[PDB]
Amino acid sequence: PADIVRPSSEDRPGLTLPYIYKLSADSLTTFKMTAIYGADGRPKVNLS
Amino acid sequence: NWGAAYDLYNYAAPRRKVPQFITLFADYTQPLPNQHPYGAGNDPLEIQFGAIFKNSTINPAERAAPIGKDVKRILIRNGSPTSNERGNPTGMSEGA
Amino acid sequence: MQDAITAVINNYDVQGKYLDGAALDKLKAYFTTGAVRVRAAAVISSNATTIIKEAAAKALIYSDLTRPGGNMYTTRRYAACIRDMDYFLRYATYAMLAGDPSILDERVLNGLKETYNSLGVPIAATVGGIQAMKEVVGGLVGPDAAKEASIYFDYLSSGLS
Amino acid sequence: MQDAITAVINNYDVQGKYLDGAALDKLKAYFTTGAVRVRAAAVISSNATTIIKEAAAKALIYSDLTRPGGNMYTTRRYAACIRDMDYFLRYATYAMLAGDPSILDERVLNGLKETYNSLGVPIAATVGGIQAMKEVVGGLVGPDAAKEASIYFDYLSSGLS
Amino acid sequence: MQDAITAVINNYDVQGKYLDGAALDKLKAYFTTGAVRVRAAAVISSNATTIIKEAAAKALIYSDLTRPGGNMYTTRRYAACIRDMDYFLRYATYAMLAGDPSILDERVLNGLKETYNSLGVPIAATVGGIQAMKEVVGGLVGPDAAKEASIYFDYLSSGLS
Amino acid sequence: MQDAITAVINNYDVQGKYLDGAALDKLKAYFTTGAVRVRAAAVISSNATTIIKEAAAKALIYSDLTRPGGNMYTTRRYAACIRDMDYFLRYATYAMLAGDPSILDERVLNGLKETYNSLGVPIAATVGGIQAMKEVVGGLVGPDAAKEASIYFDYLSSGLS
Amino acid sequence: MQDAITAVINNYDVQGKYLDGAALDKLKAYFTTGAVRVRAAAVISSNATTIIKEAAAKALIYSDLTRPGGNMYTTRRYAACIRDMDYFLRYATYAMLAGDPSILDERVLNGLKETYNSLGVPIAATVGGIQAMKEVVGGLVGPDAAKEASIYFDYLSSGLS
Amino acid sequence: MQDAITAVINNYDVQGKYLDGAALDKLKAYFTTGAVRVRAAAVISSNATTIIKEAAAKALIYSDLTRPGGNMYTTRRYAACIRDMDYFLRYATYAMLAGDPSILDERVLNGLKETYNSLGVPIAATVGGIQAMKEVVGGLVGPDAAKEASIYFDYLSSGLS
Amino acid sequence: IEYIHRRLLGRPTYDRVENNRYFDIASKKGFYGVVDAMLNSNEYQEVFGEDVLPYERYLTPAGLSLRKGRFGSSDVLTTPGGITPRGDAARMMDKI
Amino acid sequence: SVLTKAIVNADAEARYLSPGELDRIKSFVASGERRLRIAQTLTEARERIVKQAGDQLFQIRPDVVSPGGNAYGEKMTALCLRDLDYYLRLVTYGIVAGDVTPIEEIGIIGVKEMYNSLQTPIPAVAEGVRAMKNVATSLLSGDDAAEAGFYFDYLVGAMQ
Amino acid sequence: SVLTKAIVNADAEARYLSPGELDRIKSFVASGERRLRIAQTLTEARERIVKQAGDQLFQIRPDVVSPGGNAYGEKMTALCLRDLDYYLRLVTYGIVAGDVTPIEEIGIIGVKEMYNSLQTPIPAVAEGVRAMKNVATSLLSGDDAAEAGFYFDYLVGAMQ
Amino acid sequence: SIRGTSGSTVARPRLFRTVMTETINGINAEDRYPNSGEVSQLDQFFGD
Ligand SMILES: CCC1=C(C)/C(=C/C2=NC(=C\c3[nH]c(/C=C4\NC(=O)[C@H](C)[C@H]4CC)c(C)c3CCC(=O)O)/C(CCC(=O)O)=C2C)NC1=O
Ligand SMILES: CCC1=C(C)/C(=C/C2=NC(=C\c3[nH]c(/C=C4\NC(=O)[C@H](C)[C@H]4CC)c(C)c3CCC(=O)O)/C(CCC(=O)O)=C2C)NC1=O
Ligand SMILES: CCC1=C(C)/C(=C/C2=NC(=C\c3[nH]c(/C=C4\NC(=O)[C@H](C)[C@H]4CC)c(C)c3CCC(=O)O)/C(CCC(=O)O)=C2C)NC1=O
Ligand SMILES: CCC1=C(C)/C(=C/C2=NC(=C\c3[nH]c(/C=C4\NC(=O)[C@H](C)[C@H]4CC)c(C)c3CCC(=O)O)/C(CCC(=O)O)=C2C)NC1=O
Ligand SMILES: CCC1=C(C)/C(=C/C2=NC(=C\c3[nH]c(/C=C4\NC(=O)[C@H](C)[C@H]4CC)c(C)c3CCC(=O)O)/C(CCC(=O)O)=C2C)NC1=O
Ligand SMILES: CCC1=C(C)/C(=C/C2=NC(=C\c3[nH]c(/C=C4\NC(=O)[C@H](C)[C@H]4CC)c(C)c3CCC(=O)O)/C(CCC(=O)O)=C2C)NC1=O
Ligand SMILES: CCC1=C(C)/C(=C/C2=NC(=C\c3[nH]c(/C=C4\NC(=O)[C@H](C)[C@H]4CC)c(C)c3CCC(=O)O)/C(CCC(=O)O)=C2C)NC1=O
Ligand SMILES: CCC1=C(C)/C(=C/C2=NC(=C\c3[nH]c(/C=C4\NC(=O)[C@H](C)[C@H]4CC)c(C)c3CCC(=O)O)/C(CCC(=O)O)=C2C)NC1=O
Ligand SMILES: CCC1=C(C)/C(=C/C2=NC(=C\c3[nH]c(/C=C4\NC(=O)[C@H](C)[C@H]4CC)c(C)c3CCC(=O)O)/C(CCC(=O)O)=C2C)NC1=O
Ligand SMILES: CCC1=C(C)/C(=C/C2=NC(=C\c3[nH]c(/C=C4\NC(=O)[C@H](C)[C@H]4CC)c(C)c3CCC(=O)O)/C(CCC(=O)O)=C2C)NC1=O
Ligand SMILES: CCC1=C(C)/C(=C/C2=NC(=C\c3[nH]c(/C=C4\NC(=O)[C@H](C)[C@H]4CC)c(C)c3CCC(=O)O)/C(CCC(=O)O)=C2C)NC1=O
């Protein structure tokens, strides 16, 4: 399922990684927080 | 920038104060520097009596250069310029 | 990066010289080979995948390299290796179009020797992978372009060794 | 340099303290392991050459490292590499006798990482050469001394990486 | 990092060996101690703060270290020191769960000796802070787990000296 | 250092390749220009002093450089400058004989930019002294050798700027 | 960073001393010169651009430095150079207000010597650019402030050489 | 190095000027103070040891500096420190005879600040050792010479800070 | 080794060939071995004879620029052929 | 060049040169022979272009060669024409490459800061360049004069 | 080469090449095609030379392929002939270079230390190297066989 | 060719995921010690 390609700029090269190559490594913890909605005011956050 | 980037990612990255990317990118495009055949940390400070030498662990600023084996270093003569010996082979017998 | 033409412009700019006869002769020597460079790039690009497959077949696989203990063992590493091969082919095609190897230094060779030492990637085996792709390329592009394509593969391979 | 005993003396000297119970306990913990350190050093010294040979055989040669393009290609560089190996073995034997790693910092590790980067010497491959000599050493010296010898090889190898 | 189950796999993979009887015996030797490792981690985690407090009280504070001129003088540095202590405790708990010290090298010891030399952080005093936390830990976790927890504290402390 | 014959060997040795057709073609391209290189060196050597004199006259003296406040003021410094000029001429003659610029890097350019910055030696003025000697050389050596001599003077001068 | 006053506070804090007579005398020696430092900073700030222009005119331009082959050739590099000049002037004004050079080390000198060696930036020429700005500054600020401004320009310039 | 007289000669030599009225006035201003410089040097030289002892007594010893943890603790370091003191005294005597501080830069200050940072040598404490020797010197040499000796001690001490 | 060379033969090493000669003599013979090469070289004898005491012969550019170089360079980098106005105001004043 | 602005662009996406992208790499090649010729022609008459540019400039703006003018005097005028010689040179470079590229790095990026320091009136430098366009353009065929003119108007544009 | 060895003398005395130095480069290069033919013939028969060298060696000293011998076994033997293949290669390099610079850096400096470590018996190795001379020399004309023979005897010399 | 270097390191890249590592790597990214629930998972895995 494709190679993840990481896009550059006029100064540095575009590179790609084989997809299965990142799938055999530790899988990335990430932290995200909401998008805030629209019912009344601000997010809520609607998180725990 | 593999090697340098790996250092930047360490948690000891802020213990180094000399810049490393601007200095690395500039080196790539210039001729070899004059430093010792091994590191930049390998030649001592030139004062009267010490044996001074920078540390590595102490406030790290490593700098290496791919240096050949046939590279011969340019050294200034503590004396008159034309007795340099690289251009005048018996310049150590002339005068003082 | 620089190509044939900007190599000359920057060499004169640092002297603040208008282009003179010697400069103009160099640029002609580039322009006069230009159409042939383009045709050669279109052959390489459109045969990219076949060149890698024939180069790997002659110089990498059916070997200890692809067996357990070998650096191109595992689908992960086999993929990384032929990924690399595609870089080399693609950039050599850039260098040959530009008529200047400077891009091979700036975007490919810089730090690569030590990167390979650090991962354990076998250098000599990678050079053979480069010189096998050259062999295939030189057949496909023909008399017109063979020598000109070849040199940037040779630039790549003496850059690692 | 410092050993177990002078490590304690200098730690107290800077406080101007006579040696107290805690100090005296540390020094005992060294003296009580001392005879075993000596026997272990005599085994390593007298098997020096065989340890290097078996460590190189498991971790360095029969490889791309010894082939053209490899850092231990040429009799010159092969000689330099096993020369290095002898340093490591010999100094680790000093550290283990002293019961202090300070000599490994002062006379072996300081600047060595960058020296190897500057020459192109493969760091990861050198660590394997260290951890293979440890493996051999731990067999030869026996239960008595195995853990104590081992740590200064491990000190050396995390000093490079 | 690696753990006992993982190390057995990578140690065999580089030889391309199926897991065989010797491998299977090693893995059993880990699994058979596994439940005890978990219980021990739950004691350490839930007594974390008290272990640091009792370890500092026996081995760091009430001393020149906490007085003007001392490295753990100032609330800033006192905070940094017991912050460090928490790292050690926490990672040793990881190493002991994994049954492998490799994480202590990768994420704790690498460069730390020189980092401490560069800031002036007293190494010998830090080791005593490690060996005091071990002492407390060995009481809290009981016969089942005492020896197994202890070794990764000892790994940490010979990693600095 | 390396020369065209030697470079072909070391560039192939790192790949462990026999010399093949591409290699043999390169070496021929050197041998076939060899007699002309020799004749050119004999002209330069035997006109050495006149080339420096005419190059200094067009590009250095009769100027602020030779006046008080100028870097080639004093018989001492005037002597050092034309001494340098002789180095450049002599080494460029080596590079051109060898058909390889590697000697100009190893024994002339390495550290020279900073050496000149440290003494205050004017770089731009030195380049003009190089490109004036090239101009004279290209007249004296004739059609046969003009382009080949010229490049190593151009190598020298873009090595400083 | 530190100033006169925090230099004293931190020197006593490490000894855990309340400020004594010697300390109080030092701080007075700063406060008593304070109003004059402020007036001097307002002159420098408001004449910033003119100081750079007169300093460049006496010590940099109308020279080989601004000509092809020179480091301040190209509008790019001329801009970078007088940009630098503004840094020096601005920070020296900070150091002089603070009555402490520590900021010149932390935010200006650290690594700068080697940065300039790596880019080829002429050190001796940069020092003259510093000592020319000092000359101008000492005229503009008057008897009151001349010596005090001057020292931090001298700090800067012996920091590079 | 340079003295009063050669300072003037070299300042005119770079302009290629014969000595004019302004030059001749400067040299007179030196010669006219010359006999007094000599007498002052003979007092300093012959009281060398007593000046160091009284300067150390007022500004260094009876303190934390000479106690465990202090930089002039150990007979080794106490000896190194008063050795240094003798250098300062001796060179300041040279500078004052020459009527030029250039020798204090060339042979004493160059790199010394960083040398002291690298060893841990306390800079502020060393300055007090310099300004205490000045105090003693100014008593011993009398009205004639007091101001002239004093300045080169002040040159030394603002060279470190 | 690098520091010892400066003291016994007055200059820094030029090369890696030279540096390596000693590095691989020190590993078989020690401190003593290394000292005895600097002392027994052909170069020692040509230069220092047998009555002269060794002296400092060469310096590196970094080392030279710390002896001098504080205060920058006083000079102005002149150029042959430049158009410059320096000193014309002064000449004009004398004429007036 | 046209090439630089181009092989580097099809490398920010990791691919080979697009079949349409080797066509801009075709017009320029044909153009380059003509482009090289125009630069040579400009180079031949450089001294005449500069000098006549300099007269055209000082009529249109006599204030720069007046008591409080940046170019007042014989050697403040000599440097001014030398700068006009610099920019004509860069214009020949721009024409030949087919892309302005190198000229920007050599003589417009940083030019505001340089001339502000020297206190040179920038817009009268732009006039000196228009003056050179007028002279240079009178030594070229209609078609070549236009092709040259784009690069003159660029420099005029960048000093703005 | 002759060039590398000689130019080095030029640069070290800060001078252009001598008439003598120029003459030897000329005589040397004239002897090029012949040297290339000598290398070709030997490259073309490498497998035969090695194998027949290996038989000649083990008769003159077999013990190495016996229970307590360094080369005892199929893969301990696969390495001894491989080393003989290495040295024949270096001999072809030397012949085309006209001196030993390359032969020396690649395979004699450090060779004592390497083989002492491996406890390969080095002196047996010299005899093995000598055998290759005998085979190679039988595939070359008298004149070319002598020219080749100097380089074989050098390696034999360096070993010991 | 090759005018400068930044050196090399000792990279250890991951061949495969293996549960002990996934759990442990996961805890680090949050810097915490095993959760009360999380401890159980090691037992089943140890348990089998
Ligand atoms: C000719 C000009 C010249 C000078 C001035 C000089 C200074 C100098 N002082 C040094 C060390 C030192 N300098 C001191 C000085 C002091 N300790 C204190 O606490 C006081 C603040 C201060 C005395 C007032 C000490 C204690 C050391 C020893 C540091 C060590 O143990 O390594 C060293 C290191 C080498 C050695 O130990 O001898 C040098 C080179 N070297 C020179 O060639
Ligand atoms: C074998 C290769 C090699 C080279 C090329 C070399 C150059 C070199 N030039 C030097 C100095 C110098 N070089 C020059 C050169 C010039 N002055 C000018 O104004 C002109 C622009 C230029 C001549 C065209 C001058 C004037 C000095 C003396 C600087 C001083 O007074 O210290 C020095 C300092 C030591 C000495 O004075 O001899 C070296 C090492 N050294 C080497 O080993
Ligand atoms: C453990 C996970 C894993 C697998 C399985 C793997 C396979 C793998 N199979 C290969 C080739 C090959 N594999 C096969 C055949 C087959 N393969 C099959 O799984 C079938 C049983 C059979 C077809 C019926 C053939 C014929 C080739 C030669 C490649 C070619 O077509 O030229 C190659 C190229 C190198 C080589 O020749 O060995 C790899 C890397 N790599 C991995 O990391
Ligand atoms: C744009 C220019 C560019 C290049 C050329 C490049 C090379 C490159 N090759 C890599 C790894 C690698 N390279 C190879 C290559 C090979 N394996 C073999 O056995 C053969 C000898 C050879 C193929 C012919 C392998 C197997 C790895 C994986 C090493 C690992 O497992 O970590 C990596 C580490 C990161 C990654 O795994 O992707 C880089 C950056 N990166 C770049 O940005
Ligand atoms: C007393 C403490 C001490 C140590 C440890 C030391 C190491 C050291 N190793 C060196 C080179 C080297 N080191 C090696 C090592 C290796 N090659 C490989 O491929 C392997 C990974 C590895 C062996 C396991 C090699 C091949 C060189 C030669 C590099 C060159 O050709 O310049 C050099 C450069 C000078 C020389 O060549 O002798 C030093 C100083 N020097 C010291 O003074
Ligand atoms: C200058 C910055 C700074 C501060 C403030 C500081 C405080 C400090 N207070 C301490 C103990 C202590 N501090 C207190 C203080 C109190 N008990 C109470 O109930 C009251 C609320 C409070 C008095 C107002 C007590 C009772 C101890 C002893 C606690 C123990 O030993 O467990 C200790 C440990 C003993 C030692 O080694 O010195 C430190 C370091 N350290 C510092 O570096
Ligand atoms: C995740 C693994 C990891 C570890 C272990 C780690 C240690 C570490 N300890 C540090 C400082 C420190 N460490 C201490 C430790 C102590 N002071 C003492 O006197 C005692 C002997 C000791 C406590 C027992 C102190 C006081 C500092 C502050 C030094 C300073 O003021 O700059 C710093 C410098 C950055 C900072 O201040 O936070 C690091 C990175 N960093 C890491 O990323
Ligand atoms: C202060 C140290 C110093 C000295 C002495 C010096 C001399 C010097 N004499 C020169 C020329 C000259 N010098 C002479 C001198 C003489 N002709 C004769 O036959 C007589 C023997 C002699 C007069 C007594 C002549 C004729 C020239 C012109 C030579 C030429 O242009 O080829 C030049 C080149 C012209 C120039 O650029 O100035 C210099 C630099 N430069 C210095 O920096
Ligand atoms: C190739 C890129 C490039 C350019 C363009 C450049 C220009 C440049 N113009 C300068 C001066 C000057 N330039 C001018 C120009 C003018 N006066 C006017 O009023 C007119 C508007 C204008 C003429 C059309 C003048 C009058 C000076 C002298 C200013 C002074 O000395 O203060 C100087 C300082 C003198 C020197 O050291 O050369 C530089 C560097 N430098 C470069 O590297
Ligand atoms: C551990 C190594 C070490 C030693 C030994 C040492 C001795 C030492 N003895 C001192 C003074 C002194 N020491 C003495 C000792 C004596 N008076 C006599 O007549 C007797 C012969 C002798 C007693 C047996 C005296 C009287 C003074 C005071 C001298 C003065 O103040 O002028 C001082 C200066 C005072 C101070 O700041 O502490 C030091 C540093 N320092 C060190 O670091
Ligand atoms: C091109 C320069 C060069 C040479 C020559 C070289 C030789 C060399 N010979 C080796 C082994 C060997 N070489 C031999 C050779 C012999 N046994 C005998 O008794 C005979 C005297 C001799 C055959 C004539 C043997 C038997 C081994 C195996 C020794 C062992 O494994 O312990 C090895 C270690 C195996 C390996 O990793 O390749 C090297 C590196 N390496 C080099 O880089």
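The figures that follow rest on heavy atoms only: side chains count, while hydrogens, waters and symmetry mates do not. Proteins get letters first, then strands, A, B, ... in listed order; numbering begins at 1 in each.
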Under 3.5 Å, what donor-acceptor pairs does chain A form with chain C?
residue  : atom : partner   : partner atom : Å
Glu10(A) : O    : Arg107(C) : NH2          : 3.1
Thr16(A) : N    : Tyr87(C)  : OH           : 3.2
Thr16(A) : O    : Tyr87(C)  : OH           : 3.3
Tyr21(A) : OH   : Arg76(C)  : NH1          : 2.9

* Point-to-point distance, once rounded to the nearest 0.5 Å, from CG of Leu27(C) to CD1 of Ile5(C) -> 6.0 Å
* **Distance in Å, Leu60(C) CG paired with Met85(C) CE, rounded so as to fall on 0.5 Å steps** => 5.5 Å
* **Contact check, side chains of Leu140(C) and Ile44(C), non-hydrogen atoms, under 4.5 Å** => no
* Asked: So which heavy atom on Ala40(C) is nearest to which on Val141(C), and how close?
  -> O-CG1, 3.8 Å
* Structure fact -> Cut-off 4.5 Å, heavy atoms of chain C, and the answer for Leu23(A) is neither
* Asked: At what distance, to the nearest 0.5 angstrom, does NZ of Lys44(A) lie from OG1 of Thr34(A)?
  -> 11.0 Å
* Structure fact -> Value for CE (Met133(C)) from CD1 (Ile51(C)), rounded to nearest 0.5 Å, stands at 5.5 Å
